[PDB]
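**Q** Generate coordinates for the sequence data below:
(4 chains)
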Amino acid sequence: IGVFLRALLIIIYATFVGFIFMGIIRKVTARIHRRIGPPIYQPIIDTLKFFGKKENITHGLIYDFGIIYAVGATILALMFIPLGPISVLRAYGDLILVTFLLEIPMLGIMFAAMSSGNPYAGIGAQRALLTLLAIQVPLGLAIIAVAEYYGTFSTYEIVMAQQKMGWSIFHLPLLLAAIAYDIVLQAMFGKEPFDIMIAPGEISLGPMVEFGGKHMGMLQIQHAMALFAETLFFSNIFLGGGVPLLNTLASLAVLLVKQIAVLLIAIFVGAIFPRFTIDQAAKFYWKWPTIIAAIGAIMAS
Amino acid sequence: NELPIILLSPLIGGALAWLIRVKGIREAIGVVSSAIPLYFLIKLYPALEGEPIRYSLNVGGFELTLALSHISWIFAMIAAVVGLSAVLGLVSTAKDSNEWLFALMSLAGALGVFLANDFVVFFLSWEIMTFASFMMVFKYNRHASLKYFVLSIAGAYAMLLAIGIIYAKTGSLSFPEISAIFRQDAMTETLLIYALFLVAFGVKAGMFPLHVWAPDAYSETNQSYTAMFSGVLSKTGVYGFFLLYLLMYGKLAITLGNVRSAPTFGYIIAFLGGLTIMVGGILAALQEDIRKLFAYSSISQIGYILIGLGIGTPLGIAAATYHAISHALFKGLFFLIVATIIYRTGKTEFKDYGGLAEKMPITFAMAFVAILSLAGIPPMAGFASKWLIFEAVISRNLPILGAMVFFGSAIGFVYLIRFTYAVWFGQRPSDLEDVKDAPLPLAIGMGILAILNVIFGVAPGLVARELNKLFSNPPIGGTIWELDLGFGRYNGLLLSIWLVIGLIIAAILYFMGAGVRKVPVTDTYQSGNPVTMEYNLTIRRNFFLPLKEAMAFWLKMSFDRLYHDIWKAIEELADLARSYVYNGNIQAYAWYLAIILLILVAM
Amino acid sequence: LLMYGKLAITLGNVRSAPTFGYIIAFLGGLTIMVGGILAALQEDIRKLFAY
Amino acid sequence: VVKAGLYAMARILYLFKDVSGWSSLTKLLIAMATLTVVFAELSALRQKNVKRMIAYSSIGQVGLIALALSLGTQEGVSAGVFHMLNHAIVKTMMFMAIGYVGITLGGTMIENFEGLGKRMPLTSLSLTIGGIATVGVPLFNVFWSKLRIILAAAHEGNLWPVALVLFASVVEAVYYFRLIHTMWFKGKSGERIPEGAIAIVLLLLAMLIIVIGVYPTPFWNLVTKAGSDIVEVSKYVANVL
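**A** Residues are numbered from 1 along each chain as shown, chains lettered A, B, ... in the order given. You can find the structure just below:
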């Protein structure tokens, strides 16, 4: 009953900071090309609008359950990564679990985008799945480079091995995995260079081309959690937060600073770079970040 | 006594269901002829802890020591349950009486290879299995069938060559004692033994040199048969490589020096396995057909087992057999569900059907378990199996081989998205209004494999604790729900309940009313335009044209072309030796006699 | 002359040849290949002789 | 006539098993037997006349009899006889079915051999269950016997006089299922043409290869005591003088 309230604390904090992180993305992309743009508390009002309609669509019996499964999977992703010391479980937060549970949101946001039935949703799913094909070639090598440099997989036995000694973006056989993660994060998010699972403008909107009221609200929740989960997975592995309430709140605050830190370098790349053809997106994630992560993988062994 | 009856029982079931074609009883008494091996295996399951069960039956002057070990029972148990789950789905989709003679002979081949503790029971059962599978796929498209037969006879008979050499060099034939004498010389003729044994079991696996029978024999056939053609008839290659490890591991590691912390013969078979997962997944993409897509799926997951049962002497077999059980258990369900969708509807090609997931929700839900059972979903056995295979990679460090198997999980994810799109979602064409639901006898097999999958996935667990103890003293300290690896945990209780809690909290944010009005499909976006029923809007043509045009250089070098080249060369040499040696010239044969007499002069 | 055995224990031999010697000789064999091949289509009197 | 020649050759060869130069003679006879399992059973591949397609197959089965009739002394001479008393029955089945086609329809061309699934009765099943038993796929008798011959070529003359005879059964796997396919699943012709005079007699022969296929040990005990006429000389001579 206490782990239930603690998990409710983590999911409601991840909501009320992940939406603010997406609003920070909107604010920085507004200032990146000379505009005030929205207030900081903007996508909260997006979600609050999208649950206030009076009609919906519901094309099929599976059209509901796919995106609801996407929200359940993206909540399951953030439940294992150690959000500060307050973790509902730290015994098993293994690398392969969190790495695969980022991809399952890219199922359910697309598995229920297929049930509508559209050439726009079909070619959006066509251009979304080649990413998830191509991005796992430098992603797996980054995970092996994290693996063989430490040995342990329980993610509480990694932040302990960071706060004992050293940082983790240092020690160059592990830094070459971080550049591979810094490039794969824009694809795993849906930011502008490797945008194409969102693609606003070239195709209509790809997978989320016609969802409706409540379904777009669940998508905004899922997209904010995908943001927060992949950013917390990058920070609790390659950066390490680790660490009384005046110690715990400051621990979560410096964790939030390192959340913004990779999120800050995810935006500066992700506005000055145009959208990528999916035929080149399959060709790019095998040339440069694969050989970088492969040099990191043979230098971690 | 209680051991040989289960080897004759599918043979007797193939025998009995040939004469009894008088009534509608060839289904009923035919299917329970293959349903007694589960009842006999589980009756002898508690006697495995006792000193082992064997039998001799000296026939043909040989030994035929059948004996059931701790792990041969495990493969035989999945042999019974997968061979059941196909065969009670085989009571339909036959349209003849000449089906049950071979599809039950194949299961007696399958129980024979697994319960093979000698070799003269091993190769006999393997040859029976090869014949039964061939004669099953020998009903139409002969060129597809005979290619499988020539390749698998080459594998069977190269195994006969390898057993000839290991019977010559040792002297004795018996398989239990031949591991002892390999321990005896564990402290130049054996690099041929391993390679010929690997070719002997590269014919019933997905090995990238020799897998060209797979997109033809897993292709056009009785599809309800095929759930054992990948679910037990490709586990025989896995059990072959595992029996190779039971024969020697250290004697093959001294004569072949390790390239890294992994042994080099294990590294070679796992590198060919990693290439297998790559090519199997990639060729599963641009494969517009309902079964030729699934051929590459069935040989995609074999490379997982041959990576895990490659590198690593602890936990490597202990993780690869786990994925072997998991993959065969759901791929039986996938071939069952594709047989259902190929029987209830008409034609085969992807440009026949789409959006067929509302006229048969039992099919949709049962293979929604199987979609969850593939590519990694934490309540199901797919994620447990892939996670064990990825756990065996990092121990005895291998960075170059971990990339292709992880890429294999990605491309395992990709093709299933390609399957569930243009077969199940979108609009339906106007020839599928004359269709019904799923019939009951396939649905019993679907439900059996689904409940076995859900007890396999949420808690490993029972089979992990089974294969842990009494075999290669414990690498994993598992319990009923957790797994307890040396440096990982993988709970299954508090990983599935956080899903079903997270789905409740997700349903709280959705199940709120405020108008959930249903709409038709024919009125849709289409860039804000009118769209009628006669518009092919769901895409159904190759689905992966940038994926094909990315590696358009890699696909110009196929192996289907090379083997047809080498067989046409042998076949035109067959027309060559026919006309040269065998002339009408009488004096040519006189000259042949004078030549061999001249050799007798030369002594 | 500095070390041969200390670099052979920390780096296990791929064959009867040591693996660091095998790596430098494999890059050397690639060097003879590319040097000879680029010496062919190199119309110049000295850029031919560089290769 | 192939068996008498191959026995009397392998009789008198094991009557002089003490002299010098005999080892080169059996090393020639191995090589020529392997040269005849390949050429005969591969010249049937692009073969048109179906009587010739079995004629080449009967030579390739006697060549592997010669392969184990002169290799060593035992574990294969007493199993080489296990091929001679077995291949005579299965080649009795072959030339029955070809003979009955050539006398009913007329000739032995494939064009007048095509289409015998529905047209002909279970005589075509006798050719089916005969052509199955030359590669020896199921629990049949040529499977038992060819396994005994390939295991015989282990202790002496190994892995080259295996990988040609065992190569030919891969080729012999081809020209039977290019034949059984074009008589069962290509027919398009329902002419009943009743032939019930051998519908029982060839089939009681066809049930004679199904009983030796499941019970070899009531028949393999015979060739143990029937190998004792070729294995040795001393109990042979002392049972004469």
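
**Q** residue contacts, the closest residue to residue B:490 other than its chain neighbours?
**A** In space, residue B:490 comes closest to residue B:483 once its chain neighbours are excluded; the distance is 4.4 Å by CB to CB, 6 or more residues apart in numbering or on different chains. Every C-beta, even on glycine, is put in place using the N, C-alpha and C of the backbone. Listed by CB atoms under 8 Å, 6 or more residues apart in numbering or on different chains, the contact set of residue B:483 reads B:384, B:460, B:461, B:464, B:476, B:489, B:490, B:491, B:492.

**Q** ok, now residue B:340?
**A** B:89, B:360, B:363, B:438, B:439, B:442, B:446.

**Q** Now chain D against chain A: closest residue?
**A** In chain D, the residue that lies nearest chain A is residue D:170 (39.1 Å; CB to the nearest CB).

**Q** Next, count neighbours for that residue.
**A** Counted with other CB atoms under 10 Å in any protein chain shown, the neighbours of residue D:170 add up to 20.

**Q** Let me know the closest of the contacts of residue B:483 to residue A:12.
**A** residue B:491 (24.0 Å; CB to CB).

**Q** My understanding was that the closest one contacts residue B:480; is that so?
**A** No. Contact criterion CB atoms under 8 Å: residue B:491 and residue B:480 do not qualify, at 11.3 Å.

**Q** neighbour-wise, which of those two wins?
**A** Neighbours per residue, other CB under 10 Å: of residue B:491 and residue B:480, the larger number sits with residue B:491, 19 against 12.

**Q** For the more buried one, give its distance to residue B:498.
**A** As judged by CB to CB, to the nearest Å, residue B:491 and residue B:498 stand 10 Å apart.

**Q** now do residue B:28
**A** Distance from residue B:28 to residue B:498, counting by CB to CB: 45 Å.

**Q** Between these two, which is the more surrounded one?
**A** Per other CB under 10 Å, whichever of residue B:28 and residue B:498 has more neighbours is residue B:498, with 21 against 12.

**Q** contacting residues around that one?
**A** A:7, A:76, A:79.

**Q** 6 Å instead, please
**A** By CB atoms under 6 Å, 6 or more residues apart in numbering or on different chains, the residues touching residue B:498 are A:76, A:79.

**Q** quick one: secondary structure of it?
**A** Of the three states, residue B:498 takes helix under DSSP: H, G, I helix; E, B strand; the rest coil.

**Q** Please report the distance of it from chain C.
**A** Distance, residue B:498 to chain C, using CB to the nearest CB, to the nearest Å: 44 Å.

**Q** Surely residue B:54 is in a helix?
**A** No. Assigned with three-state DSSP, residue B:54 falls outside any helix and is strand.

**Q** Name the nearest residue to residue A:155, ignoring sequence neighbours.
**A** The shortest distance from residue A:155 to any non-neighbouring residue, by CB to CB, 6+ apart, is to residue A:93 (3.5 Å).

**Q** Distance of the closest residue to chain C within the stretch 451-600 of chain B relative to residue A:283?
**A** Going by CB to the nearest CB, chain C is nearest to residue B:553 of the stretch 451-600 of chain B, at 20.7 Å. Going from residue B:553 to residue A:283 by CB to CB gives 12 Å.

**Q** Looking at those two, which is more packed in?
**A** More crowded of residue B:553 and residue A:283, by other CB under 10 Å: residue A:283, with 16 against 7.

**Q** how close does residue B:148 get to chain C?
**A** Counting by CB to the nearest CB - residue B:148 and chain C are separated by 37 Å.

**Q** Now do that residue: how many residues are near it, please.
**A** Residues lying near residue B:148 (other CB under 10 Å) number 22.

**Q** what helix or strand does residue B:295 sit in?
**A** Using DSSP states H and E, residue B:295 maps to helix B:292-298.

**Q** Name the surrounding residues that touch that helix.
**A** The list of residues contacting helix B:292-298 from outside it, by CB under 6 Å, 6+ apart, reads B:214, B:215, B:218, B:219, B:230, B:280, B:283, B:284, B:287, B:331.

**Q** ok, those vs chain D, which is closest?
**A** Set against chain D, the nearest of the contacts of helix B:292-298 by CB to the nearest CB is residue B:219 (17.2 Å).

**Q** Next, the closest one: secondary structure please.
**A** In three-state terms, and counting by three-state DSSP, residue B:219 is coil.

**Q** Wait, it touches residue B:287, no?
**A** No. The pair residue B:219 and residue B:287 fails to qualify as a contact (CB atoms under 6 Å) at a distance of 9.8 Å.

**Q** who touches both of these two?
**A** Counting by CB under 6 Å, 6+ apart, nothing touches both residue B:219 and residue B:287.

**Q** Any figure for the gap between the residue in chain D sticking out farthest from the centre and residue D:229?
**A** For chain D, the residue at maximal distance from the C-alpha centroid (CA atoms, centre = their mean) is residue D:241, at 36.2 Å. If you measure residue D:241 against residue D:229 using CB to CB, the figure is 16 Å.

**Q** quick revisit: what sits against the residue nearest to residue A:155?
**A** Neighbour list for residue A:93: A:80, A:81, A:155 [criterion: CB under 6 Å, 6+ apart].

**Q** what helix or strand does it sit in?
**A** Using DSSP H and E, residue A:93 falls outside every helix and strand.

**Q** now the helices for chain A?
**A** A:2-31, A:42-50, A:61-78, A:95-103, A:105-111, A:119-134, A:136-150, A:156-164, A:175-189, A:213-238, A:245-269, A:278-299 (DSSP state H).

**Q** What lies in contact with the fourth one?
**A** Helix A:95-103 is touched from outside by A:76, A:77, A:81, A:132, A:143, A:153, A:188, A:230, A:233, B:376, B:387, B:390, with contacts defined as CB under 6 Å, 6+ apart.

**Q** can we see that at 7 Å?
**A** A:73, A:76-77, A:80-81, A:132, A:139, A:143, A:146-147, A:153, A:188, A:226, A:229-230, A:233, B:376, B:387, B:390, B:413 (CB atoms under 7 Å, 6 or more residues apart in numbering or on different chains).

**Q** Skipping its backbone neighbours, what lies nearest residue B:91 in space?
**A** In space, residue B:91 comes closest to residue B:27 once its chain neighbours are excluded; the distance is 4.0 Å by CB to CB, 6+ apart.

**Q** now residue B:397: how far from residue A:297?
**A** Residue B:397 sits 10 Å away from residue A:297, going by CB to CB.

**Q** if we can go back for a sec, which two of the contacts of residue B:340 lie the greatest distance from each other?
**A** Using CB to CB, the two most remote members of the contacts of residue B:340 are B:89 and B:360, lying 14.6 Å apart.

**Q** In terms of neighbours, single out the busier of those two.
**A** Taking neighbours as other CB under 10 Å, residue B:89 and residue B:360 compare with residue B:89 leading, 30 against 21.

**Q** For the more buried one, pull up the helix or strand it's in.
**A** Assigned by DSSP H and E, residue B:89 falls within no helix or strand.

**Q** Kindly report the residues of chain D close to chain B.
**A** Residues of chain D lying near chain B by CB under 7 Å from any CB of the partner chain: D:21, D:24, D:28, D:39, D:42-43, D:45-46, D:137-139, D:143-144, D:150-151, D:153-155, D:158-159, D:162-163, D:166, D:169-170, D:173-174, D:177, D:181, D:185, D:216-217, D:220.
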